[PDB]
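> Quick one: the structure is below, questions incoming.
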Amino acid sequence: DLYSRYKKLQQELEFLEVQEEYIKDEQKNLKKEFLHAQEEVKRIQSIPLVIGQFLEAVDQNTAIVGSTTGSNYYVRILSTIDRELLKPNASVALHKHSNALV
Amino acid sequence: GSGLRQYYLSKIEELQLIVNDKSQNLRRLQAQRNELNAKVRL
Amino acid sequence: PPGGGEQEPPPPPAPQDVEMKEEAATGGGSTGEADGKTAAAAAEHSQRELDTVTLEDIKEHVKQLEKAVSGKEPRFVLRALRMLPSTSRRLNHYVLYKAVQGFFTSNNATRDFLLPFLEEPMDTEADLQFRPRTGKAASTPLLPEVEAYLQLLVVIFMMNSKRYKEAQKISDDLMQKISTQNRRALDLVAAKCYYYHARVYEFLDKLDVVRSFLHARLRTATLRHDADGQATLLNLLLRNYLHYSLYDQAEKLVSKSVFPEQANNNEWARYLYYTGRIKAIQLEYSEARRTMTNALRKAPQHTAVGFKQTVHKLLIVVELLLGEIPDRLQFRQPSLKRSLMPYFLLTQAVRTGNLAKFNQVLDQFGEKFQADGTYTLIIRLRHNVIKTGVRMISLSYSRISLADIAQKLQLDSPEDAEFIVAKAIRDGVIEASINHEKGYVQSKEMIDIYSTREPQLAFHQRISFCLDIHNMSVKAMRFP
Amino acid sequence: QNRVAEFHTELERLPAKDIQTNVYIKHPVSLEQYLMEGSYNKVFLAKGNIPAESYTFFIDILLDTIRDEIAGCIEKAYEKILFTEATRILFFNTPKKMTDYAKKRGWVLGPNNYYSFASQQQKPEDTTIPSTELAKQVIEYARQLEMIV
Amino acid sequence: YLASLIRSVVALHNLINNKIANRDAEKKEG
Amino acid sequence: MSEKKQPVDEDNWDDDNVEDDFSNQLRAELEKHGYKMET
Amino acid sequence: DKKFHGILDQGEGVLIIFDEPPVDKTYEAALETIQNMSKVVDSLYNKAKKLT
Amino acid sequence: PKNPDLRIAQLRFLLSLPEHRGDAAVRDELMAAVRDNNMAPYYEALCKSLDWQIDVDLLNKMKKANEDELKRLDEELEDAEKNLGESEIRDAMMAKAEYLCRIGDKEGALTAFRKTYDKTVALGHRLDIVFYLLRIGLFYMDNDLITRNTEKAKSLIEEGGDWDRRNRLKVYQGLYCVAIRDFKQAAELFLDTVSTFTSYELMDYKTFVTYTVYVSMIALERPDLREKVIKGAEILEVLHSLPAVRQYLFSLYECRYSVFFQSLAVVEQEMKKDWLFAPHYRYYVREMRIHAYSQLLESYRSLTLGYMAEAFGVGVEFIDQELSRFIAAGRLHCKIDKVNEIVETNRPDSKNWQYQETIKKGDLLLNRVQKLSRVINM
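Protein sequence lines correspond, in order, to chains Y, H, D, F, P, X, B and C. Take the first sequence: its letter number 10 is residue 10 in the numbering used here, and every next letter is one higher. Take the second sequence: its letter number 11 is residue 11 in the numbering used here, and every next letter is one higher. Take the third sequence: its letter number 324 is residue 324 in the numbering used here, and every next letter is one higher. Take the fourth sequence: its letter number 113 is residue 113 in the numbering used here, and every next letter is one higher. Take the fifth sequence: its letter number 20 is residue 20 in the numbering used here, and every next letter is one higher. Take the sixth sequence: its letter number 29 is residue 29 in the numbering used here, and every next letter is one higher. Take the seventh sequence: its letter number 12 is residue 12 in the numbering used here, and every next letter is one higher. Take the eighth sequence: its letter number 36 is residue 36 in the numbering used here, and every next letter is one higher.
Given below as structure tokens:
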């Protein structure tokens with residue numbers, strides 16, 4: 001065991017290090033993949049959405065908006081929007097079908 | 001022991017210490033990577 | 001009897017509860033991180049190690065007769081801990097002996113029984129792998145005893161307990177040490193035992209046996225384990241080498257072991273002071289006054305630790321001798337009010353031209369000065385008397401004459417004018433040029449610290465500093 | 001022999017035996033106090049006091065130890081104290097000391113004085129020499145800042 | 001220089017932030 | 001830590017000034033004009 | 001009274017005019033950021049003090 | 001009553017300290033001794049004075065008679081609890097603690113002032129009570145405890161005026177300010193002498209203007225201090241009344257370099273005879289000298305002290321050793337010369353200075369993050 005201890009710890013060194021470089025690889029690739037992720041969400045708008053108005057938010061990433069269609073709704077939001085743009089019922093856009101704050 | 005064993009018993013010292021630390025580091029990196037996986041998946 | 005009788009139901013139970021449970025949790029989590037936590041090099045029971053630094057020095061000193069702490073030792077040392085049943089039995093004993101302290105009489109252990117109490121850890125399938133557990137179990141024999149501050153006939157029993165603990169060094173260096181990283185805990189234990197054992201050799205003669213043993217216990221450092229043992233043992237090495245009047249100091253300078261790394265803002269700070277006085281004894285020349293200020297500003301967070309008054313006292317003593325003339329009333333602590341009066345008069349007659357007043361103060365308060373260990377201040381302070389005046393006027397007048405600057409500093413003779421115009425150039429106390437065709441010491445000035453690459457010089461190190469901070473965060477974050 | 005660090009690690013072994021007694025040290029210690037401020041030739045105004053012997057072997061080394069430094073001070077930026085100031089005030093009742101300053105050093109005494117020189121460079125500041133290595137420093141900056149730590 | 005200065009402190013916040021949550025969740029876990 | 005090797009338990013530059021570096025701050029200095037009604 | 005960018009010479013009987021470089025702005029704005037960084041390090045300070 | 005109660009604490013605070021100078025202080029201190037029924041303060045001056053005409057018997061009967069005139073109702077009143085109503089009536093200590101200070105000592109005054117401060121929950125009474133605590137803080141010169149009730153007034157008591165701190169917001173320049181503090185309450189805190197004179201104790205129209213004129217000229221050198229000292233109207237009238245104030249100012253602004261020592265010597269003669277002993281002056285006399293050295297040294301890089309031999313004063317050697325006192329003490333930034341007799345000057349550049357400060361702050365904060373770096377993580 002004792003000589004095989006000293007050999008097996010050696011084997012536990014490099015095989016452990018390749019993982020060290022590996023997580024570097026994964027992280028750097030994920031930085032790219034996330035930025036590819038943000039752009040592909042952009043297809044949701046395509047322009048003809050609706051002009052509505054933000055009203056209020058219940059909690060994280062979900063709020064209430066009263067559309068210019070006369071009615072009021074309960075909706076979710078995109079994670080891309082900056083939360084500093086809120087307050088005093090801002091002009092907002094919404095999906096035709098989904099009717100989500102985009 | 002002292003002449004024959006101690007050279008390997010004392011040399012598995014750092015072979016054990018290094019894998020001792022790089023597992024802490026490894027799991028740190030694992031936690032970060034899983035953070036990224038959850039984020040970009042959502 | 002009616003007065004003193006009603007006043008000892010409450011005193012015992014307090015240490016009986018908290019003094020009971022504290023090291024219970026200490027040995028508990030510390031044991032779980034000795035078996036587990038292969039990365040136990042930084043235990044949170046190392047902050048509990050610090051909590052034991054200030055814990056027993058104020059918590060308990062006597063064994064708390066009326067059966068408060070006397071029964072702790074017979075309980076806490078009776079730790080066999082064979083396996084889960086024979087260890088849950090001791091888990092029962094933690095509460096079982098509590099009836100012995102409360103209802104019955106505890107086992108009296110007036111620093112005579114702890115030595116025979118060192119068999120309970122051997123009874124019923126003794127445990128030696130827990131040399132941390134039994135190591136704190138080797139500190140505890142001192143903890144009421146030494147911290148009682150006796151130094152009276154149990155100094156020797158202190159020494160024997162610390163000989164058993166040095167035998168625990170023998171156990172680490174010889175017995176089942178499979179990269180357990182326990183020396184760096186045994187180096188803190190070696191620290192604690194050798195603070196009050198340092199005092200032990202203060203209440204007795206020299207320590208040369210601990211000099212060779214210190215060169216051995218230090219010798220093992222740098223080969224297998226090196227963390228704070230070389231630091232603390234080096235400081236203990238320096239303190240009484242300095243305390244003794246001999247060569248003692250260039251041996252320290254040649255002691256090329258100066259870089260035991262970061263000491264958690266506690267050991268390193270004083271470390272700069274131990275080395276600082278060392279560099280001071282060779283006529284320090286602004287190279288280690290900066291590290292004196294550095295040490296004084298590194299770890300001042302205590303409240304007049306006792307040597308902090310000596311660093312605060314000796315710090316600007318050397319700077320006065322070099323170039324500066326500030327007083328030392330800035331931190332007029334209540335801890336400083338009685339340690340300021342002689343030095344208060346000390347720095348006045350330097351800048352003032354009343355050297356007879358300086359000799360009056362020196363003959364007046366030299367006894368305190370000689371108690372401070374600063375004998376050689378007068379042999380080189382008359383140096384910076386005229387150098388302090390010439391620094392003053394040299395700063396004042398730009399194109400000053402040396403044929404005029406003397407006559408104002410009570411020089412009184414043109415020959416006496418140029419006895420200070422022979423080394424000021426080589427020293428650099430003033431930037432000017434002396435001439436015989438014109439015996440006028442005219443200075444000059446320059447710029448381009450902004451027009452020469454001064455700032456990018458000053459910036460690089462601190463840029464590395466901030467990136468160091470970032471590295472520390474990234475390395476010390478993702479524990480959960 | 002210019003052993004000051006060795007000096008001040010010697011007077012600290014017999015705390016009060018070489019201050020108010022032991023004239024064989026008191027003359028050396030007050031000697032060094034003379035070697036403190038400017039009292040190097042004032043020592044030579046205090047040479048006639050020895051307890052036992054001549055002390056010639058270190059009144060002479062105390063000659064030379066002031067000679068390298070008077071030679072350096074004159075070599076400093078200065079305007080030539082004449083032969084009478086560099087040869088009579090100091091030591092050396094006109095021996096080949098004029099060969100000492102005239103040969104060991106400059107200040108060539110032909111026309112009734114010693115004579116200086118520039119003792120300075122031409123201010124050769126490139127300041128673009130660091131234009132490579134400093135760029136290396138920046139490359140290290142973005143290097144470590146860009147590295148996945 | 002200033003940018004590195006603030007960057008270091010900002011990096012230093014997360015040390016307190018996670019060293020709080022780790023041990024505070026641990027001691028409450030046990 | 002755990003040493004306690006002390007005695008029992010600005011005024012540096014501003015008093016370094018006001019007592020010695022300052023001269024007319026503790027004592028008077030304005031008599032020179034009485035030494036100046038002839039110069 | 002800042003009506004003029006000059007300088008007088010008693011030993012010369014000479015007035016001399018110069019130009020006014022206002023190039024202290026960056027160093028000006030740098031220090032106050034330090035003024036905030038001190039107090040924010042305080043905010044982390046009583047944080048770690050309140051709890052490690 | 002307590003409104004003219006000022007002068008007793010001031011002349012007693014002025015008398016015994018000047019030993020050679022106490023003749024008039026006793027000549028009218030006797031007028032403050034038995035007259036005005038004054039009882040409290042002088043008995044504590046029993047060991048503080050050397051001579052004292054017999055006032056024990058002549059006055060103890062006087063404090064005893066009025067004390068009997070107040071304590072009979074102040075402790076048992078029961079005046080308006082005979083028919084019905086609330087369980088008390090506000091007539092006891094609001095009307096009978098004033099004697100408890102004027103003749104009642106600081107103890108019997110303090111216990112009743114606080115007791116009525118809590119009795120009447122109104123800021124109306126909290127006005128006069130707390131301000132009596134402050135004027136008595138000047139009375140027995142107990143200028144540490146009455147440092148507390150001031151800020152304690154600032155927390156809740158103070159809310160913007162309300163006839164209670166606006167009309168008396170001049171309870172805050174003379175009442176409780178620098179007796180001996182000598183810090184940034186001199187140029188800034190002592191500027192808005194808004195009222196012609198606010199009434200309780202601060203006399204702008206007579207001598208608070210002396211305060212704010214002895215303190216006005218410390219703020220700035222020439223970013224238009226002349227608008228508030230020279231273009232000031234209400235200050236223009238008071239300077240119109242006092243020539244020593246007027247000349248001392250008009251000296252300063254109007255390049256009166258030779259008479260700066262004359263008027264300056266006058267006002268320092270004023271500081272000689274004052275109540276503020278320890279703060280005789282930290283930065284008055286020759287911080288006005290060096291104040292004249294900023295403008296004097298200004299714009300005169302090629303200045304000669306020979307011109308100083310008549311333009312600003314005389315005694316070339318005294319100006320010599322003075323500038324030696326100032327340049328060598330980090331003040332009066334310039335380089336003065338030997339035998340050339342030249343007063344040179346040189347300030348830093350627009351980058352040398354800020355580099356010199358940034359190197360300071362970076363070291364400070366870096367030292368901070370040093371400690372806080374190792375506080376956490378072991």
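Positions of the beta carbon are idealized from the N, C-alpha and C atoms, including for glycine.
I need the boundaries of the alpha helix (DSSP H) containing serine 396 (chain D), first residue and last residue.
Taken as a continuous stretch (DSSP letters only), the alpha helix (DSSP H) holding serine 396 (chain D) covers 378-396.
> Examine the Cβ distances between the segment 445-462 of chain D and the segment 402-420 of chain D and report whether three or more of them are shorter than 8 Å.
The segment 445-462 of chain D is not in contact with the segment 402-420 of chain D.
> Suppose you measure from the CA of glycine 315 (chain C) to the CA of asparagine 266 (chain D); what does that come to, to the nearest Å?
57 Å
> Going by Cα to Cα distance, which pick from C:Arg368, C:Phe183 and C:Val171 is closest to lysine 39 (chain B)?
C:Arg368
> Listing by chain order, which chain C residues have their CB less than 9 Å from the CB of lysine 19 (chain P)?
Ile376 and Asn377, listed in chain order.
> Going along the chain, which residues of the segment 287-307 of chain C sit with their C-beta nearer than 8 Å to a C-beta in chain B?
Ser299, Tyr300, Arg301, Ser302, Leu303, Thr304 and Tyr307
> Go ahead and pull the three-state DSSP assignment for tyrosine 73 (chain Y).
strand
> Flag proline 15 (chain F) as yes if its beta-carbon sits less than 8 Å from any beta-carbon of chain D, otherwise no.
Under the Cβ distance rule, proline 15 (chain F) counts among the residues neighbouring chain D, one pair being separated by less than 8 Å.
> From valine 102 (chain Y) to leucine 13 (chain Y), what distance separates their C-alpha atoms?
50 Å
> Determine the chain D residues that contact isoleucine 336 (chain C) at a beta-carbon separation under 8 Å, and present them in chain order.
For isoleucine 336 (chain C), the neighbours in chain D by C-beta distance under 8 Å run, in chain order, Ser396, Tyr397 and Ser398.
> Counting pairs of beta carbons, one from the segment 73-82 of chain Y and one from the segment 9-28 of chain H, are three or more of them closer than 8 Å?
no
> To test your reading of the DSSP string, which unbroken beta strand (DSSP E) runs of 3 or more residues are found completely within the segment 178-208 of chain D?
none
> Quick check on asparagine 37 (chain H) - is its C-beta less than 8 Å from some C-beta in chain D?
no
> Quick check on DSSP: helix, strand or coil for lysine 335 (chain C)?
strand
> State yes or no: is the beta carbon of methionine 36 (chain F) nearer than 8 Å to at least one beta carbon in chain D?
yes
> Looking only at its chain, what residues have a beta carbon closer than 7 Å to the beta carbon of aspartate 105 (chain C), apart from the 5 residues adjacent to it on each side?
Listed in chain order, the non-local C-beta contacts of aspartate 105 (chain C) below 7 Å within the same chain comprise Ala40, local neighbours out to five positions each way being set aside.
> Say whether chain C places a C-beta atom closer than 8 Å to the C-beta of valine 18 (chain X).
For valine 18 (chain X), the answer is yes, since a Cβ of chain C falls inside 8 Å of its Cβ.
> Kindly indicate if chain Y contains any beta-carbon less than 8 Å away from that of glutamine 6 (chain H).
no
> Taking the runs of the alpha helix (DSSP H) that are 4 residues or longer, which of them lie wholly in the segment 258-318 of chain D?
Inside the segment 258-318 of chain D, DSSP marks whole alpha helix (DSSP H) runs of 4 or more residues at positions 267-280 and 289-298, from first to last along the chain.
> Would you check if there are 3 or more beta carbon pairs closer than 8 Å linking the segment 79-99 of chain D to the segment 123-139 of chain D?
When C-beta atoms of the segment 79-99 of chain D are compared with those of the segment 123-139 of chain D, three or more pairs fall below 8 Å, so the two segments count as touching.
> Under 8 Å between C-beta atoms, does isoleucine 342 (chain C) make it to chain B?
yes
> Can you tell me where the beta strand (DSSP E) holding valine 92 (chain Y) begins and where it ends?
91-93
> Would residue 484 (chain D) pass as a contact of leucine 296 (chain D) if the rule is Cβ separation under 8 Å?
The structure shown does not extend to residue 484 (chain D), since chain D is modelled only from 1 through 480, so no value can be given for it.
> Answer yes if the segment 238-254 of chain C comes into contact with the segment 143-156 of chain C, meaning at least three C-beta pairs across the two stretches below 8 Å, and no otherwise.
Between the segment 143-156 of chain C and the segment 238-254 of chain C there are fewer than three C-beta pairs closer than 8 Å, too few to call the two in contact.
> Look at the Cβ atom of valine 318 (chain D), then the Cβ atom of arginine 289 (chain D), and state whether they are nearer than 8 Å.
yes
> Find out if the Cβ-Cβ distance for the pair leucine 320 (chain D), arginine 380 (chain D) is shorter than 8 Å.
no
> On a CA-only basis, which of D:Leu84, D:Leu204 and D:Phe307 is nearest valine 155 (chain D)? Give me that one, please.
When each option's Cα is compared against that of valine 155 (chain D), the closest is D:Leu204.
> Check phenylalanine 419 (chain D) in the structure and name its three-state DSSP category.
The three-state reading of DSSP puts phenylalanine 419 (chain D) in coil, since its state is none of H, G, I, E or B.
> Per the contact definition of three or more C-beta pairs closer than 8 Å, is the segment 26-33 of chain C in contact with the segment 82-98 of chain C?
The count of Cβ pairs closer than 8 Å, one atom from the segment 82-98 of chain C and one from the segment 26-33 of chain C, stays below three, leaving the stretches out of contact.
> Below 8 Å between beta carbons: does that hold for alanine 3 (chain P) and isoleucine 469 (chain D)?
At a Cβ-Cβ threshold of 8 Å, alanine 3 (chain P) and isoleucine 469 (chain D) do not count as neighbours.
> Under a Cβ-count criterion, where at least 16 other Cβ atoms within 10 Å of its own Cβ denotes burial, should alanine 16 (chain F) be classed as buried or exposed?
exposed
> Could you give the first and the last residue of the continuous beta strand (DSSP E) run that contains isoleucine 64 (chain Y)?
62-67
> Where does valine 149 (chain F) sit, in a helix, a strand or coil, going by DSSP?
coil
> Sort D:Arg351, D:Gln309, D:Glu261 and D:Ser255 by Cα distance to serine 335 (chain D) and report the nearest one.
D:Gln309
> Take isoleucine 393 (chain D) as the anchor and find which of D:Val429, D:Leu152 and D:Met20 has the nearest alpha-carbon.
D:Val429
> Starting from the C-beta of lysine 338 (chain C), find all residues in its chain whose C-beta is less than 6 Å away, skip the five residues before and the five after it, and write them out in chain order.
none
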